[PDB]
Every structure is written in C-alpha cells, then in structure tokens.
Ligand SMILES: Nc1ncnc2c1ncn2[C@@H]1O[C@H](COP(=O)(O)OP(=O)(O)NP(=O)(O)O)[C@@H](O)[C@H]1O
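Given next, in structure tokens, is a single chain: the form deposited without the named molecule.
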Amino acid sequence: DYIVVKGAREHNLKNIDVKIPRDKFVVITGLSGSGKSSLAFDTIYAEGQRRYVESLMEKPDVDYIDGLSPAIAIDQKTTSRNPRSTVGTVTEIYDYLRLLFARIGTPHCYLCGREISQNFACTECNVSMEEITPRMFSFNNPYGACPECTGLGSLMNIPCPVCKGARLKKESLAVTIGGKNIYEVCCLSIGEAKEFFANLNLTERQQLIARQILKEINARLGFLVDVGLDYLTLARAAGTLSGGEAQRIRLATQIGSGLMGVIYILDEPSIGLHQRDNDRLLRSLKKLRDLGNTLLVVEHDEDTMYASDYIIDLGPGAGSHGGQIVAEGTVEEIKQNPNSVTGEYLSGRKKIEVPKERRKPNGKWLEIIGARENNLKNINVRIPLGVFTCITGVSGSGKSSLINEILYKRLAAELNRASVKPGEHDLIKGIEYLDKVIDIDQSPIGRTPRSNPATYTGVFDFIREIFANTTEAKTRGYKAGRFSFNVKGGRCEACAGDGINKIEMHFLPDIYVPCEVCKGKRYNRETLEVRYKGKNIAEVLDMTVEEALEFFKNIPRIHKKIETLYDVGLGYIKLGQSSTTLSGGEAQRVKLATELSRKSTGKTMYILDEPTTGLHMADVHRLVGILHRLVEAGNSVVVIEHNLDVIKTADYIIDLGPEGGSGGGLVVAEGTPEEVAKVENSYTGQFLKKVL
C-alpha cells in the first residue's frame, strides 16, 4: 500500500528517498526547475511504462522502486495524428451511437423519403435496403464510408462535395432517430446532445431494447460535461483541439473507460481552465481516483492543494539548489512547516498585493472592427495602448482565436512584412501608433547546441571582445572572432564546435557521445591557453548566472545583461547550456530577459498566451513584477490569462462570453478590475469581487 523510491538521482535530484501512499490524491508541487517534473515523469512514469511495455523509454537512474503499477501520463502534447479520429471516436461515444441507430433507427428512402417496414424495401422507388447493422454507420469500414472521400470527409483540404463532410454514404444518412440522422446528432453541442437524449420519446419495445445503450451514452455525456467541455461538438476533429481541451477529453475518456489499478500522472490539468470550473475538475479527479487508482498531480493551484490527501514539496530553490524534499504531509502540516515555500504562500506570510494606483489610457487606442472569425459575433474591441491589459473569459469564448489570429497575424503582416493569412475581420485602426510586435511563448529558442542563452541575449559578443582585449590575445594576434565556435579557426576541428559526436550502431538508433579530442570543450587547445583573470572560455561558459554576476562586476555593460538574466529567476542556469535541453519555462524566461535587455523605443507590443504555465506562486509574483517593469518602460502588454493573481494587478480587463462555443463571442465587461467586478453578469467580475 505504498510506493517506495530509493536513491533517485535523475537530473538534479539529490539522491532522495520518498514514500508515496497508494490509491490517494497526491500532489507534487514546488518551484519551476526544482525537479518535481523529473521526479514524477522521468522516474515513476518511465519505470511504470517500461515494466509493462517490455513484457509485450530509457531506464531511470534509481536504486529500486517498489509497489509500482502500470502508469498513464496525461499532458498537453496534442498531435494532429490522423483525420480519421474525431471527438466522438476518441471518447468512444460514436460506437454507442452506431449501436443505438442500428437498434432503433427508423429506416427511410433517400430517393422518395418514404418509410420501409417489414420485403425490406420500398415499393415506389424500387430501391432495396439491407438489414441495418452497427457496422453500416461506421466510416472506417467499406460498408458505410462515403466512396468519394473513403470516409475522411475531405479531399487532400476541401470538404467532400458528395457527403458535405458527413463521412457517410447517402444510404446510411437516411436512418433518423427523433428527426435527426447520425451526423446531425453529432453536429450538436455536448450539452445540447445530452438534453436531446434526455427527453427522447420512445415506445415500450424501443425503451426495452435500448435501455443500456441510452444509459451508457448519458453517462459518457455527463462525464464530458463534468470535465468542463459542454460546448464542444461530437463531430469536431481531434486535430484542431488545444492542449487543455485534449487533456480534459483524455481525462473524461479515462473516467468513462472504468480501468482500475493504474497510476495516473497529470501535468497541471487545471491549466487553460476558468476558475468557475475548478470544482467540477476536482470532482472529476476524485471520481477517477475512486475507481481504485492512484493520482499524482503536478499542480500549483491553491484549490488543488486544499483538496488533496498528501502533498510532496520539492526545493528549496531551483536547479542546483533544488532536488530535495523540503516538506511533506497534509495541507495543514505543509502550512505549519517553516521551511516550505508553498506553506509560506498558503499561510499568508507572502502574498501578491493589490496595487493602490492603476495606470490610465493616454488617448491612444487600437480598435478592431468587424471581428467575426470562428464564433465571434461581429464585435468591435478597443485595446488601450501603454498599459497592462488582460483578456479574460470562459473556455471556448473565442478569446484565443480573436487575440491571436486577428491581432498578432495582422500586426506581423503590417509591421514585420510577414506573409500570413489573418482571420475574418474588417480592419484595424491604430496600427500607426506601434513600431514592432513581439510574441513570447514556451517554444524552444533553438534546435542546435550552437545556440545558448549567452548568444541569445547577445552578451557572448561582449565576452569575446573582452577576451580578445587581453594582453595574451593582443600579443598572439588573436581576433574577436577566434573565440567563437560558429566559425573555423578557434573551434575544435573534430566536432566542428558542437562538442559531441554521432556513433551509429548496427541495430540501435544513433548515439551521441562527448568528443574525445576536445573533451566537450568545443575549442582548440591553442585557443584555450588564453586566460582572462584566471579563467578561459570553457570555464566562463560553464559558469552559472549567479557566479557570472560577481565575476563580471567590474564591466558594467556585461553586468547589466547578466543582472537582467538574473532578475527573471534564471540565476541557477549556466551560460553554456544548449538550447536543446532547455524547457518551456527556461526558454520563456530567456526571451523575457532578452526583451528586457533591449533598449525599448516605447512603441512595441508584447503578446503572451497563458504565461503562468508551470509557474509556482513565487514565480507568478516574479513574472508580475517583470511584466509591470516592461509596461513602465513604455510598451504595451496584452496577456490571455485565467489566473486571478495576475488579473487583479492588470490596468485593463476585457471579458468575453458570456458562455463558450456558439453561446459566446460577445463582449461582456471592460475597464479596470473594479469596473469589471461591478458587473453582475460576469464570472470574472464575480470572482474578482471576492478576490479584491
């Protein structure tokens, strides 16, 4: 009834031992980069998946793990996959729909529209119809798929002109239940479908024959609604879903499947979700646990902290300062623990203060006219310039589509001379007030070891210049470009400056090993002979930000950029770390530091989509400070956020809704957080009223 891990040394874990209770709601929390993600995914998930797959992932660095079970990890890693999968097929409701239509589906004629009762054919059009079977309605079999598009619904993309995307031949679409065929039922929203199936009128024989199928369909639709996805349609392709929607769909499917004795590892399931759905998500998590499963949730939400059975805290810091287990126990024990950051923030010792004065617009506005892409109901939006603006709303209200595909693409085309197709809108006025646009996300800053934070921030050029300015370099005639591994002359010839080699085995994938000639230093022996203040290029690159802050104190220009890197909380990282190994948070922080370093002209706009992904409360505090500094520098920041801590500090809030899917697309409230809180018919205002 326990999971015992001894000597976990994956990544930055400091050889820790942990005992995780089984069949409980266990939450792992800590600072970003503290090693919680390593401890969960790289150790427990990897071992649990390997021990099951090998009986039909790399082996983690751990002494032994006991009391393990097969592990399933749910994360935001959606893929396009295939066009043959939709929401209904993924959630396994299309199969039950096919069964129901085979059982009680009313046959019809696709030529005359009459009814066939039983020969099992019409006497008017002389058309013969076989007995109805569940496989007839499937679009993955030759018996039901539309022949032109072989059931795909599109041609490789344009809709199939025959079925108009119904993916089924005209013969199958004639069978209707309650006035709607299978495609028209699949075209309804999930809540609409649940209401439609709830009040269906049936005969005694039909009710007897289709009781179990109706019960299963109702249960699965209820699970989907409870997960917080009552605006989606069953016919929507699974490729077009976002990360959070895909994760919640997978969660609902796992709940509905009924599998038991499995360890579930969840990577922040509450991200991309409005605050009003937290209770529903927590109840769904508890329902999944009640089947006889163990839940490991990597979440930083306060409600998740309060709704958990056991909490494991990692820290105290991040990177080299993390990797330990500072505190563990129930929520009260965590709060009572003096040396826990999570307890410090929960107990109220540290908190984010509501500003007393807020910035005001200076008469410069960016107005969007006739925005009607996706579910936007032809609205006009005014975004003030020079202030911190937050875009809020329920899930599926169209805030993401509006912001991204009507603002970022249009501004990029207008200013950066980009070639992209914006969304359906009339025009935007106020573009002349800006000079450039920048979008910051969690995408990697590079795909090659040649790119590291030192080069990305531009401090490497100054480092090379000061290295070449030394007496030894001047005596030897070395130039500034000599100390760069991207050109021939100073880099190691064997590895071409990469520092690694590729070795191919006969029956194994290519393996990368450190280069033997340069020992991974990526520099020639002659160039490494030059030492500035007792350190060469290799030691300078290996140095962390904290060490480099003290090392380069004398030089002001380098010190400014190093301090900028340190302010975003990247003091634990080293300048020479390859961009391949950086995570999403590290890349985002590097981008933010680069933007802070540049001398802003006061005519730039920054767009961030859920910047508080995988960020602790302290990380959120630091990010809020950084964003406010960027705004005070003279630029404009627009953030799509669901976090109330970030929202309460914004100078302007735009709320979209009032619901999701086709029920949203309108503007509910706008103005300062107090003005939004004054609005009664707004969930964001209702929550802000309590928060303030």
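One-based numbering along the sequence shown.
The same protein also exists as the form solved in complex with the named molecule; that form is not shown, yet it is the one meant from here on.
The named molecule in the bound PDB entry comes within 4.5 Å of a heavy atom belonging to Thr581. When the named molecule is considered in the bound PDB entry, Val620 lies well away from it, no heavy atom lying within 4.5 Å. Taking the partner from the other structure, the named molecule in the bound PDB entry has no heavy atom within 4.5 Å of any heavy atom of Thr649. The named molecule in the bound PDB entry is approached by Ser242, whose closest heavy atom lies within 4.5 angstroms of it. Heavy atoms within 4.5 Å of the named molecule in the bound PDB entry are found in exactly one of 466 to 474, 416 to 424, 396 to 404, 335 to 343, that being 396 to 404.
Proximity to the named molecule in the bound PDB entry, defined as a heavy atom within 4.5 Å, singles out one entry of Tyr408, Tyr572, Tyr478, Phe197, which is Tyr572.
Residue-level contacts in the bound PDB entry: of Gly585, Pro316, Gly256, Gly520, one residue has a heavy atom within 4.5 Å of the named molecule, and it is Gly585.
Taken together, the three residues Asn12, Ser38 and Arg236 all lie with some non-hydrogen atom within 4.5 angstroms of the named molecule in the bound PDB entry. Residue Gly272 is the only one in 254 to 274 with at least one heavy atom within 4.5 Å of the named molecule in the bound PDB entry.
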